[PDB]
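Neighbour counts run over all protein chains shown; Cβ positions are idealised from the backbone, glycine included. Every number in this text was worked out from the coordinates using simple rules, so none of it is lab data.
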Amino acid sequence: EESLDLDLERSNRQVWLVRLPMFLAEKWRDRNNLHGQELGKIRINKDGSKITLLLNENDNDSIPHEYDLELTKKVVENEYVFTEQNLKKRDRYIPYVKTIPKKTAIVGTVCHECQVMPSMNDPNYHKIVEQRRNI
Amino acid sequence: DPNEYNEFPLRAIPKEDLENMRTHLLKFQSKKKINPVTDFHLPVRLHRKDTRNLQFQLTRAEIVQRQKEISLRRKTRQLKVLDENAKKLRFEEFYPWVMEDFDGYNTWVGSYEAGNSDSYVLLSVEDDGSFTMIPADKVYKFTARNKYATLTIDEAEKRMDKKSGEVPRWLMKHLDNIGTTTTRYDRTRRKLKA
Amino acid sequence: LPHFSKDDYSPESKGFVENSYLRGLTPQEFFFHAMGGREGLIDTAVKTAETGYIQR
Amino acid sequence: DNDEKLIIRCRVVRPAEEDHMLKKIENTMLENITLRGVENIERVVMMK
Amino acid sequence: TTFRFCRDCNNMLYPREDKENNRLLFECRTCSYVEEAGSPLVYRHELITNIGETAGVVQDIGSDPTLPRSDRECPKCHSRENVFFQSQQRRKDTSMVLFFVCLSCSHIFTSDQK
Amino acid sequence: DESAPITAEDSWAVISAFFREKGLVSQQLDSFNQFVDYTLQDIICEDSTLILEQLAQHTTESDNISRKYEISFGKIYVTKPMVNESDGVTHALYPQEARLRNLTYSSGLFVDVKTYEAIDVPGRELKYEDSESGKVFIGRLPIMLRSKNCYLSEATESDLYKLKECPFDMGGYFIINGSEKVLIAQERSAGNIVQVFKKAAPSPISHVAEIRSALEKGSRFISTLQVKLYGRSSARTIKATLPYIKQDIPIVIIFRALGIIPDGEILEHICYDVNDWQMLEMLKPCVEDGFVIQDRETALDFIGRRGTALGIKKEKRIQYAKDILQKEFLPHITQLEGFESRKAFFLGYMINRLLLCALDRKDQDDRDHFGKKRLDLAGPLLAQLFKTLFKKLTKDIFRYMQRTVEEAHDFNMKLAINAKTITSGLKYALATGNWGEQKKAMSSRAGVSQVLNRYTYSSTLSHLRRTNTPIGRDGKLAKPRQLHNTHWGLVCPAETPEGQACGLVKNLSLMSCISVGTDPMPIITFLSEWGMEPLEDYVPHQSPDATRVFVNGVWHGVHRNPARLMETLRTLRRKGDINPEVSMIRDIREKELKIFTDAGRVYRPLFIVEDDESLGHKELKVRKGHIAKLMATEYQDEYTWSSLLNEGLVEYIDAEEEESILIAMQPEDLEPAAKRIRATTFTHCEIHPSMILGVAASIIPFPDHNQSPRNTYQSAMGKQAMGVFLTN
Ligand SMILES: [Zn+2]
Ligand SMILES: [Zn+2]
């Protein structure tokens, strides 16, 4: 029923791939979370070249409320986010190839590769330093 | 702090929206920048297909043109354990991801690398200014194929046999003069001409 | 030896025994003397069986 | 000998695909052409 | 003696001769791309050489303790501090020549007293 | 003052503390304690899966029920030595009791053992998926004396005499059938490490590189990988041998089949300085060899048959080849499904190392260097035997469960014969000296369980810290018999037997300690967190100077600044946040960083010297106050050697690191600006030179003042002297 050809419409959306520290990734990658609630705020210079993250107080002050975001690659090429789901239910050529069709659509273009690092000056920070030291 | 910045709390994607929907990361290996919307000839189809004899496979335009023209057990067994997620991953990767445009000009074959799929998290700015938080389950890497009209396996096996000390330095040139195994784009162009 | 600067060919650096038994050696020289003694021991302990075979 | 660059210039005479054949020629020249003396003899020392 | 690769694909360009124009051409034996030859040089051998002695000259040479220090001066900065080490070419027919690199001028120069 | 420096005399207090803490037999004791605390629950939970879900053994049968027979082992348990005689109650044993009664000072074991189904008639499918007791007895195994679970490990001198054994009996032997029994270390070449050899001229191979591997220690995973360089000439070609491929294969084909088609990328994986060329010239013929194939699966399509019986096939399954390359190829860095790129980079690294030796840029490898060896000990040996016997156990468990097609599940009585098997096997291995099951002495090097000598206390101590390697029956005369420079301060340079074994058996120096290994996962996670370039996105062009990073011989990533990472790791170790057994080396010349945390390394203590000094030139960190506190602690009859370790005053050094450290023999040799003969960049000073000896040589007065072979004669002979050996 659905068109087998992928959608090319949703491509034009910039995407920021973020490498995330283990403690924070454990929380955010949880499926129990992700209800749509806001989690943190971002700060961008008018001059640019410096990005820091302002985490909301929902963290229960067990982790830093401020982080610095460093663009590992300011310019990014040939990296995109495509989404997948189930579909509704010498000149010799090979007739049978066993195609398997899925519903697919490309939804964004990656433009900024950046990593979240805890700001050592943060008062709640440097605690995860001892936590990582123990482990 | 003095308002030298744009502040806005990023908001998560709704939970109920996420389920039954899978989001993956796409990668191309190419020195030159490639834009899928412009370079590729729509319609573009993404299928999970067997990659054996990719050259012999007909183009989507070629397929459409062809369609239009037509119009005792041992009873005792023990199975070693394997992780269910690993089994599912193996089943999914049994067939590679293969993407083609209608023209057949550019073809790309994906592969799965598990190096950093778990740690990486997706963030793209929403229309309102929020940043959409997506756990990235898998990351796929696509490579170009058949652009240079590759030679087939059997003749390669014959060549590697030490019949000659060195293969002809112009063997590819002679084959191209014979035009054997034309490119999928070339085959599609020939079919369109016919 | 890990007590020396690299790339030295001075006799002490590369194992010349300077002192005499009367005063007594120094750690490094002691080690080198041990090396020589071990060499002699093993070479004789092998030549004995070999040359016995030849003699027979 | 007047020239201070000891250089030899040779070309194959034929009335094309030079890489393999000429590399083989070079290998033959380097490891096949004796100059003087008798093979299976190496550095010889003069003793008084 | 450097090697070029096809712009269309990272593949070695094999030299080949223009029959009529009598100039060397580099053709990608994979894809029909062809390229002009910069120099009449094709292959270079260098059976015996005295190169490769500047291998691994990291900016952090002075950081390591184990390399000995001397009092000779670099003829750029004249600072008596310097780090010296012998030839990196590990062959039996090497030379006793040494190499002096000075932390201050960050420059390498030979031990040749001549 | 308390901040004053330390006179060479004062070092003795530190030594006193170190012995008071560690104890001489620490090596043997700790090996066993490690093998008991862990590696046993691990070896069980690793392979605790066994299920017989007889759904219907054929379609229908309607359906039938998914007759799961699930058996799994949970936590294990160990007991104090607790042995009952015939027809009697169980006694709480004691070492002298077993020793006089010819018992085996062992203790029993028992482990917990664990249907609800999923059903499927044909269509749909893919969702078609007991105990009878608890903590069932499984056998009994011997125990180490004064181990964690030995009665003596807590005795007081009064109580110790109550039990009637000499308090000087420090040492972990074994009591088998009433006979003191001791195992001896076995040195072996360390695995998972690159080596290159220059084979003899007549053979068509001139340079070879070999890799060994293991999994600790499933299936034994030997899996030797070797790459050979052919020809002397245009025969320059590189081929590799891979199981189960029985032909030599051109490496270019391997790269392509791995998933790297464009030749330039493969060149990038071998050559690093694009400016240099020579390696490209010698690669040229290799590139020419693989000029014919241009697709990954086509390269995979190469047969490399070696068997087994060809299953579903046309000529060769691409699936077969990829399953080989993932599951079996290179059992280290990864073996699951999806890390072709890691394999490619590591293989390119090894190719580059091979190519250097042929290009004379770097010299021949040294097999006899000590650091690249290891010392297998009680822990690993018992691990091997327990693994083998438990595999036999599981195979027998599968038997007699398939036999009971009818009723019922035993769960009780077969395990009794199983316990007999496990106990008998352990007893046989520890008593006979043969090492393995009753396999007709196959692969059974005998010298593993020698009988403990008991003549002189000196001899007895000089029999615990003992080593042995297999080389041959007669012996060669240019290989490790002669001493080596690397042996400094780790193995006594005089305490060796003579004759047909000289230079084979060797004896640990005084403070030398053995490495018990540690999980590397926290270390690698920390390293990645602090900034690592995962190799998945590495590129030589943008990293013309970056430094490679290795852990236990696995490449993980590349980093830009090595210096800050080096100092940070050093500081974190010194602060005590990492097990000090871990050793790292920065080969600044080679632009390389190594991390080692395996088990079986050999290391010695050392003073740390701070280059900086407010007082002036240079100084070792420890001062007089610390040693005064040490003396006070000792005479109290609370500083320990550990308490010295935590605050960064002494640091362990493995045999590998010394190639990156400068040592000062005396604490005053050059620190400031007839009897005998006596740079400025020291980092560590020897605690005391007289500690390079072993047990027996220590007795020799003034060993400096006599000829070395005479010292060796005395070291061997002194063990043949009478006196006292105990008090009981
Ligand atoms: Zn090309
Ligand atoms: Zn200078």
Notebook entry, point to check: Farthest toward the dipole's positive end in the stretch E:1-45, which of E:33, E:15, E:43, given Cβ charges of +1 (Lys, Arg) and -1 (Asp, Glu) about the Cα centre?
Noted result: E:43
Notebook entry, point to check: Amide H to amide H, which residues 5 or more places from residue A:102 or on other chains are under 5 Å from it, using H placed in the peptide plane?
Noted result: B:48
Next item on the list: Using a cut-off of 14 Å between beta-carbons, work out the net charge of the residues near residue F:247 (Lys and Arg +1, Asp and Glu -1, residue F:247 not included).
Entry: +2
Check: Of B:173/F:316; F:228/F:372; A:89/F:127, which sit over 25 Å apart, Cα to Cα?
Finding: B:173/F:316
Check: Using 7 Å Cα-to-Cβ label points, what is the residue F:323/residue F:368 separation (nm, one decimal)?
Finding: 4.7
Note to self: Just to check I understand the Karplus step: with θ = phi - 60° and J = 6.51 cos²θ - 1.76 cosθ + 1.60, what whole-Hz values come out for the stretch A:52-63, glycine and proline as x?
What the structure shows: 9, 9, 10, 6, 6, 7, 5, 5, 6, 6, 8, 9
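Quick one: order A:130, B:157 by neighbouring beta-carbon count within 10 Å, fewest to most.
Numbers: A:130 10, B:157 16.
The order, fewest Cβ neighbours first, is A:130, B:157.
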Notebook entry, point to check: Can you list the residues, at least 5 places off or on another chain, whose amide H is less than 5 Å from the amide H of residue B:110, using H built in the peptide plane?
Noted result: B:97, B:98, B:99, B:143
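Please sort F:100-113, E:98-111, F:342-355 by packing, taking for each peptide the average over its residues of neighbouring beta carbons within 10 angstrom, highest first. Kindly include the intermediate steps, with their values, before the conclusion.
Numbers: F:100-113: 18.4, E:98-111: 15.9, F:342-355: 20.0.
The most tightly packed comes first, giving F:342-355, F:100-113, E:98-111.
What shape does the stretch E:1-45 take by its C-alpha gyration tensor, where a ≥ b ≥ c are the square roots of the eigenvalues and a/c under 1.5 counts as rounded, a/b above b/c as prolate, and the rest as oblate? The partial results should precede the final answer.
Numbers: a/c = 2.31, a/b = 1.15, b/c = 2.00.
Oblate is the answer for the stretch E:1-45, as a/c is 1.5 or above yet b/c matches or exceeds a/b.
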Check: So what are the ³J(HN,Hα) numbers for the stretch B:4-12, from phi and the Karplus equation (6.51, -1.76, 1.60; θ = phi - 60°), rounded to whole Hz, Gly and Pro as x?
Finding: 9, 9, 9, 9, 7, x, 5, 10, 6
Notebook entry, point to check: Over what distance in Å are the Cα centres of the stretch F:169-202 and the stretch E:1-65 separated?
Noted result: 51
Item checked: Counted charge near residue F:179, where neighbours are those whose Cβ lies closer than 14 Å (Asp, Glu -1; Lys, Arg +1) -> +4
Next item on the list: Return the long-range amide H neighbours of residue A:78 (sequence gap of 5 or more, or a different chain), with a cut-off of under 5 Å between placed amide H atoms.
Entry: B:34
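By count of other Cβ within 10 Å, fewest leading, how are B:121, E:57 ordered?
Listing B:121, E:57 from fewest to most nearby Cβ atoms yields E:57, B:121.
If you count, for every residue in F:701-707, the Cβ atoms of partner chains within 10 Å of its Cβ, what is the mean? Each step should come with its number before you reach the end.
On the way: counts 0, 1, 4, 10, 6, 4, 4.
Across F:701-707, the average partner-chain Cβ count within 10 Å equals 4.
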Note to self: Counting only helical runs of four or more DSSP H residues, what would the 222 nm mean residue ellipticity of the protein assembly as shown come to if each run contributes -39,500 (n - 2.57) and the total is spread over all its residues?
What the structure shows: -7500 deg cm²/dmol
Next item on the list: Report the local net charge at residue F:463: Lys and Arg +1, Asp and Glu -1, summed over other residues whose C-beta lies under 15 Å from its C-beta.
Entry: +3
Check: How far is the Cα center of chain D from the Cα center of the stretch F:134-152, in Å?
Finding: 77
Next item on the list: With a point put 7 Å past each Cα toward its Cβ, work out how far residue F:501 is from residue A:77 in nm, to one decimal.
Entry: 6.9
Checklist line | Helix C:27-55 axis, angle to chain C major axis (alpha carbon atoms, nearest 10°) | finding: 10
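Looking only at other chains, what is the average number of their beta-carbon atoms within 10 angstrom of each beta-carbon in B:12-18?
On the way: counts 8, 3, 4, 7, 3, 2, 2.
Counting Cβ atoms of other protein chains within 10 Å of each residue's Cβ and averaging gives 4.
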Notebook entry, point to check: So which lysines pass the test for residue F:313, namely a Cα distance under 21 Å, with those fewer than 8 places away in the same chain ruled out?
Noted result: A:98, B:49, B:158, F:246, F:322, F:327
Checklist line | Cut-off 18 Å, label 7 Å out along Cα→Cβ of residue F:128, residues of the stretch F:46-61 by amide N | finding: F:51-61
Note to self: I need the shape label for chain F. Rule: rounded when a/c is under 1.5, else prolate if a/b > b/c, else oblate, with a, b, c from the alpha carbon gyration tensor.
What the structure shows: oblate
Next item on the list: Pull up the cross-link candidates among the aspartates and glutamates for residue F:75, meaning alpha carbon to alpha carbon under 19 Å and not fewer than 8 places away within one chain.
Entry: F:37, F:42, F:46, F:47, F:112, F:130, F:132
Check: When you look at the Cβ of every residue in B:138-145, what mean number of other chain Cβ atoms sits within 10 Å?
Finding: 3
Item checked: Backbone HN-Hα couplings from phi across the stretch F:227-232 [Karplus 6.51/-1.76/1.60, Hz, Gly and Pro as x] -> 10, 10, 9, 9, x, 10
Notebook entry, point to check: Among A:80-87, F:58-65, F:462-469, B:169-176, what's the highest-first ranking by average C-beta atoms within 10 angstrom per residue?
Noted result: F:462-469, A:80-87, B:169-176, F:58-65
Next item on the list: Using Cα centres only, tell me the gap between the stretch B:8-26 and the stretch F:28-95 in whole Å.
Entry: 44
Next item on the list: For a quick protection proxy, order the peptides E:83-96, F:312-325 by their average other-Cβ count within 10 Å, most packed first.
Entry: F:312-325, E:83-96
